[PDB]
Amino acid sequence: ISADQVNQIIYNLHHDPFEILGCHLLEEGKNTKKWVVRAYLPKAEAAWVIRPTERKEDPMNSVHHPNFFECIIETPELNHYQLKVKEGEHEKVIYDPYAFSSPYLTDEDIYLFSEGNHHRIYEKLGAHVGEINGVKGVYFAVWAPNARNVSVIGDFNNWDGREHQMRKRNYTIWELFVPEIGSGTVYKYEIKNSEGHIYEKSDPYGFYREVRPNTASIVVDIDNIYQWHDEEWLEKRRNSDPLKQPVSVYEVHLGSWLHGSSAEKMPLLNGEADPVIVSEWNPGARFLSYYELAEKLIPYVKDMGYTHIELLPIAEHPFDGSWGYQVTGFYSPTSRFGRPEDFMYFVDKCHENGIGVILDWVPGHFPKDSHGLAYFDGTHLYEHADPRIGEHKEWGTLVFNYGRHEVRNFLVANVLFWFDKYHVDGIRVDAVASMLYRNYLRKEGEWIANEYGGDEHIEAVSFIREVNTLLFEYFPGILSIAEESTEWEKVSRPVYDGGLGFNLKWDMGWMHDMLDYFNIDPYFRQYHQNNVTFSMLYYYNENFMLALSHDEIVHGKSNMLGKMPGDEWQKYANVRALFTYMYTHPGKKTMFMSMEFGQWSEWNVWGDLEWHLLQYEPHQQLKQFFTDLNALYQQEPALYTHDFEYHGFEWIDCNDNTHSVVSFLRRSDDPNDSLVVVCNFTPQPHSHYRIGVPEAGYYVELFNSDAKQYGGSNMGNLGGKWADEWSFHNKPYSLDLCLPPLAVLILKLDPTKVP
Ligand SMILES: OC[C@H]1O[C@H](O[C@H]2[C@H](O)[C@@H](O)[C@@H](O[C@H]3[C@H](O)[C@@H](O)[C@@H](O[C@H]4[C@H](O)[C@@H](O)[C@@H](O[C@H]5[C@H](O)[C@@H](O)[C@@H](O[C@H]6[C@H](O)[C@@H](O)[C@@H](O)O[C@@H]6CO)O[C@@H]5CO)O[C@@H]4CO)O[C@@H]3CO)O[C@@H]2CO)[C@H](O)[C@@H](O)[C@@H]1O
Ligand SMILES: OC[C@H]1O[C@H](O[C@H]2[C@H](O)[C@@H](O)[C@@H](O[C@H]3[C@H](O)[C@@H](O)[C@@H](O[C@H]4[C@H](O)[C@@H](O)[C@@H](O)O[C@@H]4CO)O[C@@H]3CO)O[C@@H]2CO)[C@H](O)[C@@H](O)[C@@H]1O
Ligand SMILES: OC[C@H]1O[C@H](O[C@H]2[C@H](O)[C@@H](O)[C@@H](O[C@H]3[C@H](O)[C@@H](O)[C@@H](O[C@H]4[C@H](O)[C@@H](O)[C@@H](O)O[C@@H]4CO)O[C@@H]3CO)O[C@@H]2CO)[C@H](O)[C@@H](O)[C@@H]1O
Ligand SMILES: OC[C@H]1O[C@H](O[C@H]2[C@H](O)[C@@H](O)[C@@H](O[C@H]3[C@H](O)[C@@H](O)[C@@H](O)O[C@@H]3CO)O[C@@H]2CO)[C@H](O)[C@@H](O)[C@@H]1O
Ligand SMILES: [Mg+2]
């Protein structure tokens, strides 16, 4: 390019910057092609073009002007790229603002969609505000190969779609532009199918929806509703290894943490809206908005000292009772709690407080609700047609045909959508086994094997590995967490080593062992010492997340205090002990709302949490305890930097099962960071209990769960103890401790202390 062309851009004299900016073909070779990407980034001193699916990065050179950049690349096709932009000392990664000339689908868009590789198909399918033939309007587009006709119905045409019949393209996608309408437009797709029957359907790629039980889609100008502020956060994420950082997740179901009065409107960000009543049986109650939650949930979480919030699903879902796990609008956050901008606001604010957001994501199945994807075009479009692989009969739900390109594309792009438009920091996937196995919840004669006669679901595995490959490529530094409950190997290991590509897996065995353990009378724990110690045999085969989730305090399993035997005092001590042992055991951490203040009732998705308990000491003491434990978690690198390496953990002694006692070390880079952890899992205190340590010195009591201010009896070691030249559990020096009742001690060597 010439300097005249650049100056036209710089001084706002150029007629159409799309001629010059963005990606442009220069020439075609035998094997490959020469492209140039061009960018005008004011205030940027440097820029690169990332080709994350190819694992490459090229620098852009300033050209004719310091903020005008060109960068030439040879590669056959250049569909997938981002720009990294440096502005002083900060860097952001973003998609090219000049990627798409026009709002309609190009040959290239469609071609890619049909291979199932259009990672930004959500820019073209759905409904989008744009200009065509010189008029502002909305472009609508939908995948429906076998429909006989489709039309767009909505507010703008009194739900009569005769003047709004869509044009079928390439035998696959229906489109229509509608002028003069824009964002706020309420709409659906009238579809007539193969056999003449005419249903009405929500937009699969819709970005907003009416409040349930209504299902019409709404048009959103998704790129012009919210200003973000989290460039710093995103940069820190992109450049860090979340595996070597503290991760304590507060697990939350938004619709049931706290409610408000239906007697008043729901405040949004600079706006307000009608209240969403929580049930016809609790009509005085309303949901809080994403806006109100950002004001209340975030400071609560920040104070408690959790590093993350993990949401039960928030994709639009029609029945509160599914908890979210049965989704019908994959590409819209639920309208229960307000508008997309309001959720954007929530995430921005989590980030402003250095808290990340993880989203429960539901790619495994969808419900038969007819407004949704089921039998979309009058065929088995999204779901497989064989019910032996396309239904989950016990659940009454449909399974996506992962081998069908446009279906795979729907989900792969959807995951990418949430990181893109909503800036989220990770995902969790429920019940991965449901995807992996071709015989999941099926009995003999009722399922067909793969082509090699295995039970493995080849298409599902491919899909999961694509998801995790792309996600880490486009957004490094994120968390992809899996619950998979069947010994399937390498779940949280890399795709190149034949993993599924998650970087964390819920340790379900641990959970079961821990809760089964704590549930047993203390006297009898001596027969079950192996619940404590078993986990560490298999531990290092995966990067484990230690979760005590929502699923464990429903369906008459009781809340955590409920599971514990003994009187009220012992009940609380068992919680402190379990959770202190959890925060010291190797792994990342997850716990669910209400666990942190001792809720007695099981979690009930139809009400909010029993917040009135916080007005009584025991609950407040327990909440303080969790506040201090989180604070310690974050301040003690031996507790997070080597979670997944041998160096990080070694048992001191776990053989005194008659007293249910176990002891261990945790380690970091620095040897002065090493911790001694001593657990006593019965109400019997111990007066002169010797533990072996590896070095002489004063060991400080860093933490002691029996402290008075946590509800404990206040037995302990008065702040620390001098080690002895006295060999024990195979170590040179040793400690003669007071072990408090149902308690855990965390001690650290202070090598700069006065003998
Ligand atoms: O996260 C929770 C919380 O945990 C820790 O603090 C708690 C601590 O673990 C717990 O034991 C207690 O400690 C308090 C204590 O309540 C106070 O009384 C005060 O203790 C002083 C004590 O009054 C003095 O007697 C003096 O102790 C002397 C002993 O009297 C001597 O006999 C000798 O002790 C030896 C003992 O007799 C023998 O059996 C031998 O085998 O071993 C002993 C070695 O000590 O020497 C001591 C040393 O002076 O001095 C005490 C210190 O002033 O203060 C204690 C510490 O605050 O309650 C704590 C709070 O609930 C953790 O340290 C906190 O950071 C953390 O917040
Ligand atoms: O007049 C045009 C033709 O119309 C009819 O064929 C249709 C099908 O009925 C449609 O449902 C559609 O099917 C696509 C499908 O959408 C797409 O995913 C892809 O399917 C792949 C699949 O991903 C892959 O895993 C493997 O199974 O192979 C499949 C086949 O390639 O492609 C399908 C077929 O193109 O497309 C056409 C066109 O609308 C009619 O039956 C034809 O006889 C007729 O010529
Ligand atoms: O200093 C006096 C005593 O010190 C030590 O007692 C310990 C116990 O060994 C621990 O088990 C624990 O006691 C708990 C007890 O386990 C729990 O069930 C509960 O019992 C209370 C009860 O709630 C209360 O209403 C009434 O029954 O009194 C009981 C108290 O004895 O609560 C206890 C804690 O308050 O902690 C104590 C104190 O550290 C020591 O072992 C005893 O020899 C000694 O007498
Ligand atoms: O004040 C008018 C009216 O508006 C609200 O209902 C709207 C719903 O959001 C929506 O479902 C849509 O209704 C259409 C259906 O979606 C469609 O499938 C088909 O059956 O036609 C319907 C319109 O005739 O739009 C309605 C109407 O605006 C509100 O909930 C109503 O109670 C209120 O009376
Ligand atoms: Mg309530």
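Residues numbered from 1 in each chain as written, not as in the entry; some residues may be left out. Chains lettered and ligands numbered in written order. Heavy atoms only, no water.

**Student:** Which residues make up the overall build of the chain, and what are the values?
**Tutor:** When you go through the chain residue by residue, the secondary structure sums to 15 helices and 42 strands. On C-alpha atoms alone, the chain measures out to a radius of gyration of 28 Å, which is about the 27 Å that the 2.2 N^0.38 rule sets for 755 residues. Projected onto the principal axes, the alpha-carbon positions of the chain cover approximately 85 × 65 × 60 Å. By residue count, 61% of the 755 residues in the chain fall in the buried class. In the form shown here, the chain has an accessible surface area of approximately 30,400 Å², with 48% of it arising from carbon and sulfur atoms. Both charge centroids of the chain, one from 65 positive and one from 109 negative side chains, sit 1 Å from each other. (Helix = DSSP H or I, 4+ residues; strand = E, 2+ residues; numbered from the N terminus. Rg over C-alpha atoms; globule rule 2.2 N^0.38 Å. Buried < 20%, exposed > 50% of the residue type's maximum accessible area, 1.4 Å probe, protein only. Areas by Shrake-Rupley, 256 points an atom, 1.4 Å probe, with all protein chains shown as cover. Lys, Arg positive; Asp, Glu negative; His and termini not counted. Charge placed at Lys NZ, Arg CZ, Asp CG, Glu CD.)

**Student:** Describe helix α15 (residues 617-635), and please don't skip the residues or the numbers.
**Tutor:** Counting along an α-helix, one turn takes 3.6 residues, and residues three or four places apart therefore face a common direction. The end-to-end C-alpha separation of α15 is 27 Å, in line with the 27 Å expected for 19 residues at 1.5 Å each. Here α15 has its buried residues at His619, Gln621, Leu622, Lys623, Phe625, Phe626, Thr627, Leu629, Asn630, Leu632 and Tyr633. Considering only its buried residues, α15 is in contact with β17 (248-252), α4 (290-304), α14 (568-584), β33 (588-592), β38 (698-704) and β42 (743-750). (Expected span 1.5 Å × (residues − 1). Contact = heavy atoms within 4.5 Å.)

**Student:** Lay out the domain arrangement of the chain in plain terms, naming residues and giving numbers.
**Tutor:** A common measure of how large an interface is: the accessible area buried when the components associate. Structurally, the chain comprises domain 1 (1-99), domain 2 (100-220), domain 3 (221-642) and domain 4 (643-751). Taking only C-alpha atoms into account, the centre of domain 1 sits 58 Å from that of domain 4. (Domains from an automatic or database assignment.)

**Student:** So what's going on with the nonpolar core? Which residues, and what values?
**Tutor:** The tendency in soluble globular proteins is for nonpolar side chains to be buried as a group. Within the largest apolar cluster, 196 residues are counted, with the highest numbers of intra-cluster contacts made by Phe140, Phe346 and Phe579. Broken down by element, this core gets its largest block of residues, 10 residues, from helix α7 (residues 405-421). What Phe579 contacts, discounting residues up to four positions off in sequence, is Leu548, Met560, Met591, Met595, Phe625, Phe626 and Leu629. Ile652, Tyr689, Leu735 and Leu749 belong to the second largest nonpolar core, which has 16 residues in total. (Core = buried A, V, L, I, M, F, W, Y, C linked by side-chain atoms within 4.5 Å.)

**Student:** I'd like a rundown of the site of ligand 3, residues and numbers included.
**Tutor:** The immediate surroundings of ligand 3 are formed by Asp567, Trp569, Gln570, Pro683, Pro685, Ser713, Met715 and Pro741. In the model, an oxygen atom of ligand 3 is placed 2.8 Å from a nitrogen or oxygen of the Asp567 side chain. Interatomic distance of 2.8 Å between a side-chain N/O atom of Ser713 and an oxygen atom of ligand 3. For ligand 3, whose accessible area on its own is 790 Å², the fraction buried by protein is 33%. Of the residues in the shell around ligand 3, the class split is 5 nonpolar, 2 polar and 1 charged. Domain assignment of the residues forming the shell around ligand 3 places at least three in each of domain 3 (221-642) and domain 4 (643-751). (Near = heavy atom within 4 Å. Polar contact = N/O pair within 3.5 Å; in protein donor to acceptor, adjacent residues only side chain to side chain. Nonpolar A, V, L, I, M, F, W, Y, C, P; charged D, E, K, R; others polar.)

**Student:** Before we move on, can you summarise the sheet that holds strand β2 (residues 33-40) with the specific residues and values?
**Tutor:** On the basis of which strands lie adjacent, the open sheet formed by 4 strands has the order β1-β2-β6-β5 and antiparallel pairing. Where the open sheet ends on each side, the last strands, each with one partner, are β1 (22-28) and β5 (61-62). One ladder, built from 6 bridges, connects β1 with β2; its direction is antiparallel. For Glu28, the partnering residue across the bridge sits in β2 and is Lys33. (Pairing = 2+ DSSP bridges.)

**Student:** Provide a residue-level description of the packing of aromatic side chains, including the pertinent values.
**Tutor:** Working definition: an aromatic ring pair is given by the centre-to-centre distance plus the angle between the planes. For the structure on display, the rule yields 71 aromatic pairs. Here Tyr517 and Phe681 contribute two aromatic rings whose centre-to-centre distance is 5.8 Å and whose plane-to-plane angle is 65 degrees, an arrangement assigned as edge-to-face. Remark: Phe681 occurs in the loop between β36 (675-680) and β37 (686-693) and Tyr517 occurs in helix α10 (residues 508-519); sequence separation between them is 164 residues. Taking the relative accessible area as the measure of exposure, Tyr517 reaches 0% and is therefore buried. With relative accessibility at 0%, the residue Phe681 sits in the buried group. (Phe/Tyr/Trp six-rings, centres within 6.5 Å; stacked < 30°, edge-to-face > 60°.)

**Student:** Mind laying out unusual backbone geometry, listing which residues take part and the relevant values?
**Tutor:** Following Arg212, the chain continues to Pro213 via a peptide bond in cis, the omega torsion being 0 degrees. Secondary-structure assignment places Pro213 in the loop between β15 (198-201) and β16 (217-218). One non-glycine residue, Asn158, lies in the positive phi region at around 35 degrees. Residue position: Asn158 is located in the loop between β11 (149-154) and β12 (167-169). Given a relative accessible area of 68%, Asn158 falls into the exposed group. In the Ramachandran plot, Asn270 falls in the positive-phi region, its phi being about 35 degrees despite a non-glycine side chain. Its location among the elements puts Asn270 in the loop between β19 (266-268) and β20 (271-273).

**Student:** Give a detailed account of the sheet that holds strand β3 (residues 46-51), specifying residues and quantitative values.
**Tutor:** The strand order β4-β3-β7-β8 describes an open sheet built from 4 strands, whose pairing is antiparallel. Since the sheet does not close on itself, it has two edges, and those belong to β4 (56-59) and β8 (90-94), each with one partner. The average undirected angle you get between the axes of adjacent strands in this sheet is 20 degrees. Looking at chain direction, strand β7 (residues 82-87) and β8 are connected through 5 bridges and run antiparallel. Considered in β8, the bridge of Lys84 is made with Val93. Contacts from helix α3 (residues 231-238) reach β3, β7 and β8 within the one sheet, and its direction differs from that of β8 by about 85 degrees. (Axes fitted to C-alpha atoms, helices over the stretch in contact; angles between N-to-C directions.)

**Student:** Tell me about the pattern of salt bridges, and please be specific about residues and values.
**Tutor:** Considering all chains together, one arrives at 40 salt bridges under this definition. A salt bridge links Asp320 to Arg336, with the shortest nitrogen-to-oxygen separation between them at 2.8 Å. Of this pair, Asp320 sits in the loop between β23 (315-316) and β24 (329-333) while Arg336 sits in the loop between β24 and α5 (340-352); the two residues are 16 residues apart in sequence, bridging distant segments of the chain. Accessibility classification places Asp320 together with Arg336 in one group, the buried group. One network of salt bridges, in which partners are shared, links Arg212, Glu316, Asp320 and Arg336. (Salt bridge = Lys/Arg side-chain N within 4 Å of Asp/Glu carboxyl O.)

**Student:** Outline the state of the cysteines, supporting the account with residue identities and numerical values.
**Tutor:** Counted according to the given criterion, the structure contains 0 disulfides. In this model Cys23 remains outside any disulfide bridge; the closest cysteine sulfur is found in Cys71, 9.7 Å from its own. The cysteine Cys679 is free of any disulfide, with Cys654 supplying the nearest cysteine sulfur at 11 Å. (Disulfide = S-S within 2.5 Å.)

**Student:** Describe the environment of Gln245, naming the residues involved and giving the relevant values.
**Tutor:** When you line up the elements, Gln245 lands in the loop between α3 and β17. Along the chain, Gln245 and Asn450 lie 205 residues apart, while their C-alpha atoms are 40 Å from each other.

**Student:** Explain a nonpolar patch on the surface residue by residue, including any values.
**Tutor:** Residues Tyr523, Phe524 and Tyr527 make up a contiguous nonpolar surface patch of roughly 380 Å² in combined accessible area. Among the structural elements, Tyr527 can be located in the loop between α10 and α11 (529-533). Accessibility expressed as a relative area gives 52% for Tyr527, which makes it exposed. (Patch = residues over 30% accessible without salt bridge, like charges linked within 9 Å, V, L, I, M, F, W, Y side chains within 5 Å.)

**Student:** Go over the site of ligand 1, please, and point to the residues and values.
**Tutor:** By nearness alone, 15 residues border ligand 1, and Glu701, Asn704, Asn714, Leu718 and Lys721 come closest of all. Within the side chain of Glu701, one N or O atom sits 2.4 Å away from an oxygen atom of ligand 1. One of the backbone N or O atoms of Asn717 is found 3.4 Å from an oxygen atom in ligand 1. Here ligand 1 loses 45% of its free accessible area of 1,100 Å² to cover by the protein chains.

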